[PDB]
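Shown next: start.txt, given as compact mmCIF, C-alpha atoms and all ligand atoms.
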```txt
# COMPACT_ATOMS: atom_id res chain seq x y z
CA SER A 1 -8.45 -11.32 26.35
CA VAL A 2 -11.82 -10.01 25.23
CA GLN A 3 -11.85 -7.55 28.08
CA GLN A 4 -8.39 -6.25 27.21
CA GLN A 5 -9.38 -5.90 23.56
CA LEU A 6 -12.48 -3.88 24.43
CA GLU A 7 -10.50 -1.61 26.81
CA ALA A 8 -7.98 -0.93 24.05
CA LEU A 9 -10.68 -0.20 21.57
CA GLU A 10 -12.38 2.20 23.93
CA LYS A 11 -9.11 3.96 24.75
CA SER A 12 -8.14 4.48 21.15
CA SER A 13 -11.60 5.58 20.15
CA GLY A 14 -11.68 8.40 22.68
CA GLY A 15 -15.05 7.58 24.13
CA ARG A 16 -17.05 5.36 26.42
CA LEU A 17 -18.11 1.88 25.24
CA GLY A 18 -20.81 -0.35 26.77
CA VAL A 19 -21.26 -3.96 25.63
CA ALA A 20 -23.52 -6.76 26.77
CA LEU A 21 -23.60 -10.14 25.03
CA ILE A 22 -25.87 -12.92 26.15
CA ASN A 23 -25.26 -16.41 24.76
CA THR A 24 -28.57 -18.16 25.04
CA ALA A 25 -26.97 -21.64 24.80
CA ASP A 26 -25.83 -21.42 28.46
CA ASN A 27 -26.89 -17.91 29.52
CA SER A 28 -23.28 -16.86 29.77
CA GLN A 29 -22.48 -13.18 29.39
CA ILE A 30 -19.72 -10.95 28.14
CA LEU A 31 -19.99 -7.54 29.82
CA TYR A 32 -18.13 -4.24 29.52
CA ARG A 33 -19.51 -1.20 31.39
CA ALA A 34 -22.75 -3.09 31.24
CA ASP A 35 -24.21 -1.51 34.38
CA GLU A 36 -23.54 2.08 33.31
CA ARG A 37 -26.25 4.29 31.86
CA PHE A 38 -26.11 5.37 28.23
CA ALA A 39 -28.51 7.43 26.17
CA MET A 40 -30.59 5.01 24.10
CA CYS A 41 -31.32 7.36 21.21
CA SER A 42 -33.47 5.56 18.61
CA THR A 43 -32.88 2.11 20.10
CA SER A 44 -35.78 3.15 22.37
CA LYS A 45 -38.14 2.75 19.41
CA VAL A 46 -38.14 -1.05 20.05
CA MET A 47 -39.89 -0.47 23.37
CA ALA A 48 -42.58 1.82 21.92
CA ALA A 49 -43.33 -0.69 19.16
CA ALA A 50 -43.41 -3.56 21.66
CA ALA A 51 -45.79 -1.71 23.90
CA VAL A 52 -48.29 -1.41 21.04
CA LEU A 53 -47.81 -5.12 20.22
CA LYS A 54 -48.64 -5.93 23.86
CA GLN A 55 -51.88 -3.96 23.54
CA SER A 56 -52.75 -5.99 20.44
CA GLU A 57 -52.73 -9.23 22.50
CA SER A 58 -56.08 -8.15 23.91
CA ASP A 59 -57.39 -6.02 21.07
CA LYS A 60 -57.58 -7.77 17.69
CA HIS A 61 -58.43 -4.60 15.76
CA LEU A 62 -55.68 -2.41 17.06
CA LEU A 63 -52.92 -2.91 14.59
CA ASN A 64 -55.18 -2.10 11.65
CA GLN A 65 -56.32 1.13 13.22
CA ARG A 66 -55.62 4.07 10.85
CA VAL A 67 -53.81 7.20 11.97
CA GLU A 68 -53.87 10.41 9.98
CA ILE A 69 -50.56 11.93 8.96
CA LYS A 70 -50.52 15.72 8.59
CA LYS A 71 -47.74 18.09 7.58
CA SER A 72 -47.56 19.36 11.14
CA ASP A 73 -46.75 15.87 12.39
CA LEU A 74 -43.47 15.79 10.56
CA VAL A 75 -40.28 16.31 12.50
CA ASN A 76 -36.64 16.06 11.50
CA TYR A 77 -36.30 12.55 9.96
CA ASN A 78 -39.41 10.87 8.56
CA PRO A 79 -38.57 8.93 5.40
CA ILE A 80 -41.76 6.90 5.46
CA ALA A 81 -44.27 9.29 7.05
CA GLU A 82 -43.48 12.00 4.55
CA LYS A 83 -44.77 9.70 1.78
CA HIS A 84 -48.19 9.57 3.48
CA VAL A 85 -48.94 13.21 4.29
CA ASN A 86 -52.67 13.88 4.07
CA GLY A 87 -53.20 10.10 4.11
CA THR A 88 -53.26 7.45 6.81
CA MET A 89 -50.98 4.80 8.15
CA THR A 90 -51.99 1.88 10.32
CA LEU A 91 -50.43 1.33 13.71
CA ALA A 92 -48.69 -1.71 12.24
CA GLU A 93 -47.30 0.38 9.47
CA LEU A 94 -46.08 2.96 12.01
CA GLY A 95 -44.41 0.17 13.98
CA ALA A 96 -42.66 -1.04 10.89
CA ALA A 97 -41.55 2.44 9.88
CA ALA A 98 -40.21 3.29 13.32
CA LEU A 99 -38.17 0.14 13.48
CA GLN A 100 -37.07 -0.51 9.92
CA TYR A 101 -36.36 3.07 8.86
CA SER A 102 -36.09 4.83 12.23
CA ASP A 103 -38.88 7.20 11.28
CA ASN A 104 -39.29 9.80 14.00
CA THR A 105 -42.83 10.76 13.13
CA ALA A 106 -43.77 7.07 13.38
CA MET A 107 -42.22 6.97 16.86
CA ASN A 108 -44.08 10.02 18.04
CA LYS A 109 -47.41 8.66 16.76
CA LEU A 110 -46.86 5.45 18.68
CA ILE A 111 -46.07 7.40 21.83
CA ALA A 112 -49.12 9.63 21.38
CA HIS A 113 -51.33 6.57 20.96
CA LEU A 114 -49.93 5.03 24.17
CA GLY A 115 -50.43 8.29 26.09
CA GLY A 116 -46.91 9.59 26.53
CA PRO A 117 -43.35 8.49 27.22
CA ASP A 118 -44.23 7.56 30.80
CA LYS A 119 -46.48 4.81 29.36
CA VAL A 120 -43.53 3.30 27.56
CA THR A 121 -41.59 3.31 30.79
CA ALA A 122 -44.45 1.60 32.57
CA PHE A 123 -44.44 -1.08 29.89
CA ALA A 124 -40.76 -1.71 30.48
CA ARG A 125 -41.40 -2.03 34.20
CA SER A 126 -44.10 -4.60 33.51
CA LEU A 127 -41.44 -6.74 31.87
CA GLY A 128 -39.16 -6.55 34.87
CA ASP A 129 -36.94 -3.85 33.48
CA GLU A 130 -36.32 -1.48 36.31
CA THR A 131 -33.63 0.46 34.45
CA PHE A 132 -35.15 1.73 31.24
CA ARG A 133 -36.62 5.20 31.22
CA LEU A 134 -38.23 7.18 28.44
CA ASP A 135 -38.74 10.84 29.22
CA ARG A 136 -39.01 12.72 25.90
CA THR A 137 -40.31 12.32 22.35
CA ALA A 138 -38.35 12.41 19.11
CA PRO A 139 -36.04 13.92 18.23
CA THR A 140 -35.17 15.53 21.57
CA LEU A 141 -34.59 12.12 23.14
CA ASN A 142 -31.33 12.02 21.12
CA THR A 143 -29.55 14.90 22.95
CA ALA A 144 -27.40 12.30 24.80
CA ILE A 145 -25.92 14.78 27.22
CA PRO A 146 -23.21 13.22 29.47
CA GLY A 147 -24.60 12.45 32.88
CA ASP A 148 -28.20 13.18 31.90
CA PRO A 149 -30.39 10.28 33.08
CA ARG A 150 -33.27 11.09 30.71
CA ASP A 151 -33.91 8.52 27.99
CA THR A 152 -31.25 6.10 29.23
CA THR A 153 -30.78 2.44 30.09
CA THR A 154 -27.84 0.11 30.71
CA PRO A 155 -26.40 -2.39 28.22
CA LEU A 156 -27.23 -5.34 30.46
CA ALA A 157 -30.81 -4.21 31.11
CA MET A 158 -31.42 -3.66 27.43
CA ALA A 159 -29.87 -7.04 26.51
CA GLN A 160 -32.09 -8.81 29.02
CA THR A 161 -35.22 -7.01 27.86
CA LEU A 162 -34.42 -7.58 24.19
CA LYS A 163 -33.93 -11.30 24.88
CA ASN A 164 -37.27 -11.40 26.67
CA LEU A 165 -39.06 -9.53 23.85
CA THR A 166 -37.70 -11.53 20.95
CA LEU A 167 -36.95 -15.02 22.32
CA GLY A 168 -38.64 -15.10 25.68
CA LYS A 169 -41.71 -14.56 27.67
CA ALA A 170 -42.60 -10.91 27.15
CA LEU A 171 -44.98 -11.19 24.21
CA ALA A 172 -47.45 -13.79 22.99
CA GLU A 173 -46.15 -15.77 20.02
CA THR A 174 -47.91 -13.90 17.20
CA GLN A 175 -46.63 -10.62 18.58
CA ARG A 176 -43.12 -11.94 19.31
CA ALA A 177 -42.90 -13.12 15.73
CA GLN A 178 -44.05 -9.79 14.39
CA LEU A 179 -41.40 -7.92 16.37
CA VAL A 180 -38.73 -10.34 15.10
CA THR A 181 -39.90 -9.84 11.50
CA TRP A 182 -39.65 -6.11 11.88
CA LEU A 183 -36.12 -6.26 13.40
CA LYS A 184 -34.90 -8.64 10.68
CA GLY A 185 -36.06 -6.20 8.05
CA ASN A 186 -34.12 -3.24 9.43
CA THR A 187 -32.53 -1.14 6.72
CA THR A 188 -30.27 1.06 8.86
CA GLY A 189 -27.78 -1.31 10.40
CA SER A 190 -25.49 -2.48 7.62
CA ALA A 191 -22.37 -0.79 8.97
CA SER A 192 -22.95 -1.47 12.63
CA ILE A 193 -23.11 -4.85 14.45
CA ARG A 194 -23.91 -6.70 11.18
CA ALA A 195 -20.61 -5.60 9.65
CA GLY A 196 -18.66 -7.34 12.37
CA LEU A 197 -20.35 -10.74 11.96
CA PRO A 198 -20.24 -13.61 9.49
CA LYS A 199 -22.26 -12.67 6.43
CA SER A 200 -24.43 -15.77 6.56
CA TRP A 201 -25.69 -15.13 10.07
CA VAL A 202 -29.18 -13.74 10.36
CA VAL A 203 -29.50 -10.50 12.33
CA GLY A 204 -32.37 -8.42 13.64
CA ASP A 205 -31.29 -5.02 14.99
CA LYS A 206 -32.21 -1.48 15.83
CA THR A 207 -29.70 1.35 15.56
CA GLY A 208 -29.67 4.74 17.18
CA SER A 209 -27.51 7.76 16.91
CA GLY A 210 -27.47 11.14 18.49
CA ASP A 211 -25.38 14.04 19.72
CA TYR A 212 -22.08 13.50 21.59
CA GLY A 213 -21.26 11.11 18.77
CA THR A 214 -23.59 8.64 20.41
CA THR A 215 -23.76 5.50 18.30
CA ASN A 216 -25.80 2.47 19.36
CA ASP A 217 -27.11 -0.85 18.04
CA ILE A 218 -29.06 -3.63 19.69
CA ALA A 219 -29.33 -6.99 17.99
CA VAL A 220 -30.57 -10.55 18.06
CA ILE A 221 -28.26 -12.88 16.15
CA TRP A 222 -29.13 -16.34 14.76
CA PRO A 223 -26.00 -18.35 13.84
CA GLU A 224 -26.37 -21.11 11.28
CA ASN A 225 -25.47 -23.95 13.70
CA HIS A 226 -25.79 -22.50 17.24
CA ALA A 227 -28.29 -20.94 19.66
CA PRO A 228 -29.02 -17.24 19.34
CA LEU A 229 -26.97 -14.40 20.80
CA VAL A 230 -28.26 -11.11 22.03
CA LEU A 231 -25.83 -8.20 21.68
CA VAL A 232 -26.06 -4.56 22.79
CA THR A 233 -23.32 -2.10 21.80
CA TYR A 234 -23.56 1.49 23.07
CA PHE A 235 -20.90 4.16 22.42
CA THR A 236 -20.69 7.81 23.29
CA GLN A 237 -18.05 10.59 23.24
CA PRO A 238 -17.22 13.67 25.28
CA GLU A 239 -17.71 16.38 22.68
CA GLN A 240 -21.16 17.43 21.59
CA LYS A 241 -20.39 17.52 17.83
CA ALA A 242 -18.33 14.32 17.67
CA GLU A 243 -18.76 12.15 14.61
CA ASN A 244 -20.85 9.03 14.96
CA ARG A 245 -18.83 5.83 14.86
CA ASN A 246 -20.69 2.80 13.52
CA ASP A 247 -17.28 1.23 12.84
CA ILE A 248 -16.57 1.00 16.55
CA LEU A 249 -19.78 -1.08 16.97
CA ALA A 250 -18.70 -3.40 14.18
CA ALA A 251 -15.30 -3.77 15.82
CA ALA A 252 -16.77 -4.53 19.20
CA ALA A 253 -19.09 -7.12 17.65
CA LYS A 254 -16.13 -8.81 15.98
CA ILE A 255 -14.21 -8.88 19.24
CA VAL A 256 -16.98 -10.43 21.37
CA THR A 257 -18.15 -13.03 18.83
CA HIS A 258 -14.68 -14.23 17.81
CA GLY A 259 -13.50 -17.81 17.92
CA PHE A 260 -17.10 -18.84 17.94
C1 LIG B 301 -32.66 8.01 16.57
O1 LIG B 301 -31.53 7.92 17.09
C2 LIG B 301 -32.79 9.13 15.66
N1 LIG B 301 -31.67 9.94 15.94
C3 LIG B 301 -31.74 11.30 15.54
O2 LIG B 301 -32.77 11.72 14.98
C4 LIG B 301 -30.49 12.11 15.90
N2 LIG B 301 -30.72 13.52 15.86
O3 LIG B 301 -31.78 13.76 16.71
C5 LIG B 301 -31.61 14.99 17.40
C6 LIG B 301 -29.36 11.73 15.03
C7 LIG B 301 -29.46 10.86 13.91
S1 LIG B 301 -27.86 10.79 13.31
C8 LIG B 301 -27.13 11.79 14.45
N3 LIG B 301 -25.76 12.17 14.53
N4 LIG B 301 -28.10 12.20 15.28
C9 LIG B 301 -32.34 8.63 14.20
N5 LIG B 301 -32.71 7.26 14.02
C10 LIG B 301 -31.33 7.04 13.43
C11 LIG B 301 -30.78 5.84 13.67
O4 LIG B 301 -29.52 5.78 13.67
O5 LIG B 301 -31.37 4.73 13.85
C12 LIG B 301 -31.20 7.59 11.84
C13 LIG B 301 -31.60 6.58 10.91
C14 LIG B 301 -32.03 8.84 11.65
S2 LIG B 301 -32.68 9.52 12.95
```
Starting from the file, give its structure as structure tokens.
Ligand SMILES: *C(=O)[C@@H](NC(=O)/C(=N\OC)c1csc(N)n1)[C@H]1N=C(C(=O)O)C(=C)CS1
Amino acid sequence: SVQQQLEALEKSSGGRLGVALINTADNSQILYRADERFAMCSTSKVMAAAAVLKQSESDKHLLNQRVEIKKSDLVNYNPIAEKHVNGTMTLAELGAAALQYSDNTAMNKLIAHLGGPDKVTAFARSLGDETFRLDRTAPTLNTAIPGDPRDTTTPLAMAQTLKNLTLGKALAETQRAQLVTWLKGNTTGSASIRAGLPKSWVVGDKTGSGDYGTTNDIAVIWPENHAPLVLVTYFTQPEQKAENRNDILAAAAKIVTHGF
């Protein structure tokens, strides 16, 4: 069965695997450790971007607001922000960079604009997500220490919130569509969930990786002839310097979408 296949995969991999699939045709679910907490790592960047999109529902000028990028703003991984040092980026551009390239400076600028990680958490709560918590900025939110509740959520909570953000009632239509455009244009996920799916399916996703070999992806999936699927795959390991394992996320995706 699917459950037996995921257990075997987890056992052989030497870690802890969390999966939540929602089939929006009938709201059926495939769950595996879906109520356990996992470190989100950069998958949290979806919530920071969405919180700024929510602000833009009531403030037409916001997304074109310019933010200065200085050398001191740069942290450990900033492929887009580094190209704009001593220039500006708009909040929309920062949203795009955080999601499509996982730029950590872009994330921190969004958080600073919102007023801190607690403001991202409050946004999640406003959507009915009582599980999500953001505690730190980038890159320290990727420490992924076993048992640490900081910067964690559960696979099921994240699947439900992602469904609400991209297909449901969380955002007004213009904003919903913008988030979906950004996720579809992700450049970092080729070897993760996408690699376990039919090539012709359309995928929007956000990856994240951190210490303890923590390797995550959250995705919305549009099949060619069926209703969308929402899939969260979280994976973490017991040793701090473990290799990341995008291949395990691809394998899990293949397992839970099979037959269909
Ligand atoms: C989000 O997860 C960001 N993760 C990191 O920066 C991690 N180190 O932070 C202390 C990290 C990246 S790889 C690894 N073994 N740890 C990254 N956003 C990711 C992502 O997978 O989406 C990368 C593109 C770069 S940074």
Let me have all residues with an atom within 6 Å of ligand LIG 301 (chain B), counting only C-alpha atoms and all ligand atoms, laid out as a list in words.
->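 Going residue by residue within 6 Å of ligand LIG 301 (chain B), we get residues 41, 42, 77, 102, 139, 140, 142, 143, 207, 208, 209, 210, 211 and 244 of chain A.
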May I have the residues within 10 Å of residue A:194 as a list in words, using only C-alpha atoms and disregarding those fewer than 6 positions away in the same chain?
->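 Here the answer would be residues 201, 202, 203, 204, 205, 217, 219, 221, 249, 250, 253 and 254 of chain A.
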Determine, counting only C-alpha atoms, which protein, DNA and RNA residues have an atom within 6 Å of an atom of stretch 116-124 of chain A; residues of the same chain fewer than 6 positions away are not included. Present the result as JSON, numbers by chain.
-> {"A": [48, 133, 134, 135]}
Take the residues just selected and output them with C-alpha atoms as an mmCIF file, in the frame of the given file.
```cif
data_model
loop_
_atom_site.group_PDB
_atom_site.id
_atom_site.type_symbol
_atom_site.label_atom_id
_atom_site.label_comp_id
_atom_site.auth_asym_id
_atom_site.auth_seq_id
_atom_site.Cartn_x
_atom_site.Cartn_y
_atom_site.Cartn_z
ATOM 1 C CA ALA A 48 -42.580 1.820 21.920
ATOM 2 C CA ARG A 133 -36.620 5.200 31.220
ATOM 3 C CA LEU A 134 -38.230 7.180 28.440
ATOM 4 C CA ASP A 135 -38.740 10.840 29.220
#
```
Between atom CA of residue A:186 and atom CA of residue A:146, what is the spacing in Å?
->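 Spanning atom CA of residue A:146 to atom CA of residue A:186 is a straight-line distance of 28.1 Å.
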Leaving out stretch 58-73 of chain A and any residue of its chain fewer than 3 positions from it, which residues lie within 6 Å of it when counting all atoms listed in the file, given as JSON, numbers by chain?
-> {"A": [55, 85, 86, 87, 88, 89, 90, 91, 92]}
For residue A:36, the nearest of the candidates A:248, A:156, A:94, A:171, counting only C-alpha atoms |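 When distances to residue A:36 are compared using only C-alpha atoms, the smallest one comes from A:156.
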Skipping near chain neighbours, those fewer than 2 positions away, what residues fall within 9 Å of residue A:166 using only C-alpha atoms, listed as a ChimeraX atom specification?
-> /A:161-164,168-171,176-177,179-180,220
Select, counting all atoms listed in the file, all protein, DNA and RNA residues no farther than 10 Å from (-21.0, -10.6, 22.0) in file coordinates, and express the selection as number ranges by chain.
-> A: 2, 19-23, 29-31, 193, 219, 221, 229-233, 252-258, 260
Distance criterion (only C-alpha atoms): nearest to residue A:105 out of A:78, A:216, A:154, A:181 | A:78
Separation of atom CA of residue A:234 from atom CA of residue A:103 in Å | 20.2 Å
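Omitting residue A:99 and its sequence neighbours fewer than 2 positions away, and counting only C-alpha atoms, the residues within 7 Å are residues 45, 46, 95, 96, 97, 101, 102, 182, 183, 186 and 206 of chain A.
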N, CA and C atoms are what I want for stretch 78-114 of chain A; can you complete it accordingly and write them as a compact mmCIF listing (two decimals), keeping the file's coordinate frame?
```txt
# COMPACT_ATOMS: atom_id res chain seq x y z
N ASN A 78 -38.15 11.62 8.72
CA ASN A 78 -39.41 10.87 8.56
C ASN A 78 -39.55 10.34 7.15
N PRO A 79 -38.70 9.40 6.79
CA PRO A 79 -38.57 8.93 5.40
C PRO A 79 -39.81 8.22 4.93
N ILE A 80 -40.57 7.64 5.85
CA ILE A 80 -41.76 6.90 5.46
C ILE A 80 -42.98 7.79 5.67
N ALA A 81 -43.06 8.52 6.78
CA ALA A 81 -44.27 9.29 7.05
C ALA A 81 -44.44 10.39 6.02
N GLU A 82 -43.35 10.94 5.54
CA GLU A 82 -43.48 12.00 4.55
C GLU A 82 -44.15 11.53 3.28
N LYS A 83 -44.11 10.24 2.99
CA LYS A 83 -44.77 9.70 1.78
C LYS A 83 -46.26 9.53 1.95
N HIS A 84 -46.77 9.79 3.15
CA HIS A 84 -48.19 9.57 3.48
C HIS A 84 -48.93 10.81 4.02
N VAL A 85 -48.32 11.97 3.85
CA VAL A 85 -48.94 13.21 4.29
C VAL A 85 -50.29 13.41 3.59
N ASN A 86 -51.25 13.81 4.40
CA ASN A 86 -52.67 13.88 4.07
C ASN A 86 -53.35 12.53 3.84
N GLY A 87 -52.62 11.43 4.10
CA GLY A 87 -53.20 10.10 4.11
C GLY A 87 -53.18 9.48 5.51
N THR A 88 -53.27 8.17 5.55
CA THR A 88 -53.26 7.45 6.81
C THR A 88 -52.18 6.38 6.76
N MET A 89 -51.78 5.98 7.96
CA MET A 89 -50.98 4.80 8.15
C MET A 89 -51.60 4.00 9.28
N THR A 90 -51.51 2.68 9.20
CA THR A 90 -51.99 1.88 10.32
C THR A 90 -50.94 1.84 11.43
N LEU A 91 -51.37 1.46 12.63
CA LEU A 91 -50.43 1.33 13.71
C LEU A 91 -49.37 0.33 13.36
N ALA A 92 -49.72 -0.74 12.65
CA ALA A 92 -48.69 -1.71 12.24
C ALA A 92 -47.69 -1.09 11.32
N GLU A 93 -48.18 -0.27 10.40
CA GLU A 93 -47.30 0.38 9.47
C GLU A 93 -46.36 1.35 10.19
N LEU A 94 -46.87 2.02 11.23
CA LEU A 94 -46.08 2.96 12.01
C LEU A 94 -45.02 2.18 12.78
N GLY A 95 -45.39 1.02 13.31
CA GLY A 95 -44.41 0.17 13.98
C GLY A 95 -43.29 -0.19 13.06
N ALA A 96 -43.64 -0.66 11.87
CA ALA A 96 -42.66 -1.04 10.89
C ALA A 96 -41.75 0.11 10.51
N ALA A 97 -42.33 1.29 10.33
CA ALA A 97 -41.55 2.44 9.88
C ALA A 97 -40.59 2.90 10.97
N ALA A 98 -41.06 2.90 12.20
CA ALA A 98 -40.21 3.29 13.32
C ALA A 98 -39.04 2.34 13.45
N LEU A 99 -39.27 1.07 13.30
CA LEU A 99 -38.17 0.14 13.48
C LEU A 99 -37.27 -0.06 12.29
N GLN A 100 -37.86 -0.16 11.11
CA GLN A 100 -37.07 -0.51 9.92
C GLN A 100 -36.37 0.66 9.26
N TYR A 101 -36.92 1.84 9.42
CA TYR A 101 -36.36 3.07 8.86
C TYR A 101 -36.00 4.12 9.91
N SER A 102 -36.30 3.85 11.17
CA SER A 102 -36.09 4.83 12.23
C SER A 102 -36.82 6.14 12.00
N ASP A 103 -38.04 6.03 11.49
CA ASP A 103 -38.88 7.20 11.28
C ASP A 103 -39.33 7.83 12.58
N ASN A 104 -39.00 9.12 12.75
CA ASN A 104 -39.29 9.80 14.00
C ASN A 104 -40.73 10.21 14.14
N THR A 105 -41.42 10.53 13.05
CA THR A 105 -42.83 10.76 13.13
C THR A 105 -43.58 9.47 13.56
N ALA A 106 -43.14 8.32 13.04
CA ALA A 106 -43.77 7.07 13.38
C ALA A 106 -43.62 6.84 14.88
N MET A 107 -42.43 7.08 15.40
CA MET A 107 -42.22 6.97 16.86
C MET A 107 -43.15 7.86 17.65
N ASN A 108 -43.29 9.12 17.25
CA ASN A 108 -44.08 10.02 18.04
C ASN A 108 -45.56 9.65 17.99
N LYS A 109 -46.02 9.12 16.86
CA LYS A 109 -47.41 8.66 16.76
C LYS A 109 -47.67 7.48 17.64
N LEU A 110 -46.71 6.57 17.78
CA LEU A 110 -46.86 5.45 18.68
C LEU A 110 -46.95 5.96 20.11
N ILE A 111 -46.06 6.87 20.48
CA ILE A 111 -46.07 7.40 21.83
C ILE A 111 -47.38 8.11 22.12
N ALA A 112 -47.86 8.90 21.18
CA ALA A 112 -49.12 9.63 21.38
C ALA A 112 -50.28 8.67 21.58
N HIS A 113 -50.28 7.59 20.81
CA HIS A 113 -51.33 6.57 20.96
C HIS A 113 -51.30 5.95 22.35
N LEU A 114 -50.10 5.66 22.86
CA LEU A 114 -49.93 5.03 24.17
C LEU A 114 -50.27 6.00 25.31
```
